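First comes one chain, alone, set out as structure tokens in the form deposited without this ligand.
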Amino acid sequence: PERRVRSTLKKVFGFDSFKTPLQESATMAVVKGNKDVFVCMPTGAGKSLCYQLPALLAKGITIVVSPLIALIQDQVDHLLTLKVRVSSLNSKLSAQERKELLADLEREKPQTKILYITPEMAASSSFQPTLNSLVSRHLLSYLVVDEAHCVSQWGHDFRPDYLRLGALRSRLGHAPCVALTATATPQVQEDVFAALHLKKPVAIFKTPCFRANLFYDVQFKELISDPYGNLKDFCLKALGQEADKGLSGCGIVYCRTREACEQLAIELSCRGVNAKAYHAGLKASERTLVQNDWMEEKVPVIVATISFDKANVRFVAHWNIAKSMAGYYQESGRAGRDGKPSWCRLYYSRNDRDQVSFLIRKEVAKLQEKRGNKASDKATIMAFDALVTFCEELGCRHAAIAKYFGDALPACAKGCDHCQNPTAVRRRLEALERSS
């Protein structure tokens, strides 16, 4: 019940209570073990526990499948510092160590109770008698597939062995399966469900990408008479809410063209708000110095350029639209990590959208020349189309983000451009259409 999981959360993990109620529900669903569970949570949300704590409670050994050996080793070390009885059979062991591990596995009451195996070694010929003994023994209790998204062709990563993991799942049917992905799209979710032969009832536990204390709004650089003036007003307002409070935290401003990023930083500085370019081309010493002066409060706002974190971020303002809605959502995610309300601005532009679309098309053409990962190119084009629709579309911005990422529609009573002032959005899109 609840008491057992709570005890585990404190004795072996150290946490007093679950970070979020959603993962509490997910972990209890896995513990019940009635049906296959698909948990999609961001990194640092504790998704690991959703397969780790149930395994700590599982009657028998849990087989975890991860793409790379290095990730398996990192998880093994994290489990070992907690003194948990974890093992790995990836052939990483020498001869004697492999013999000992096989001897513990083959005998009853296996000492290993969570085994990290790359799919190759699970489907390797030599390991088949061991797996047959495991199933016949009924030792396997959970069949976790970490980074399950690698099975889906439309995902950013592809794993050919995760396809045969579906047949593996078809074997050892008596045990449930837990599929985990850092981020999930409904199409990717469908691919995961189909390829892994999971049971038809699947418990999907997905974090709502919606964030109450985030304000989402979009403006069209053609409509606004002076874009830098709007950027300055936004920066001032977000940075300083009241005279007594004074400037707080720091802002972020993404931009694709570095030549434009330096210009934006210098223009902001000249207007009155200091900014530091932090463009990737800059030398390592200078980039470190900038990242530092931003961590301290000396620098008000930092221009991310291609690449970026701080506890409080007053605002994010994309001078240019992002390549993919996943990228834009991640970039805006660091907005307002603190409780206080923040803001997220997208200065969507037809010319910039055309430029980045052409760049995406050229990249897809190069990929096709490679003759591989065609589904990846299709997914990238689909994501860019989704982002441009998001900027164009009339309606609740949070709702469109939820539609793309597939989580439920959010009830943002406050903190959305459309909901609060639909007439303003109507007028703005009418002006944009007239301009175009």
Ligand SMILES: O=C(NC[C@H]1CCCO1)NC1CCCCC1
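Throughout, we count residues from 1 along the sequence that is shown.
Keep in mind that the form deposited with this ligand bound is not shown, yet the notes after this line are about it.
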{"item": "Pocket accessibility after superposing this ligand in the entry with it bound (3+ atoms within 2.4 Å of backbone/C-beta)", "value": "blocked"}
{"item": "Option touching this ligand, based on a heavy atom within 4.5 Å in the entry with it bound, out of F390, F405, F38, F384", "value": "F405"}
{"item": "One residue of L93, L134, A326, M121 in contact with this ligand, assessed in the entry with it bound (non-hydrogen atom, 4.5 angstroms)", "value": "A326"}
{"item": "Interface stretch in the entry with it bound with this ligand - options 182-190, 218-226, 362-370, 296-304, non-hydrogen atom within 4.5 Å", "value": "182-190"}
{"item": "Exercise: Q111 in contact with this ligand in the entry with it bound, heavy atom 4.5 Å", "value": "no"}
{"item": "In the entry with it bound, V273 touching this ligand (heavy atom, 4.5 Å)", "value": "no"}
{"item": "This ligand contact in the entry with it bound: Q291, any heavy atom under 4.5 Å", "value": "no"}
{"item": "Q330: touches this ligand in the entry with it bound, heavy atom cutoff 4.5 angstroms", "value": "yes"}
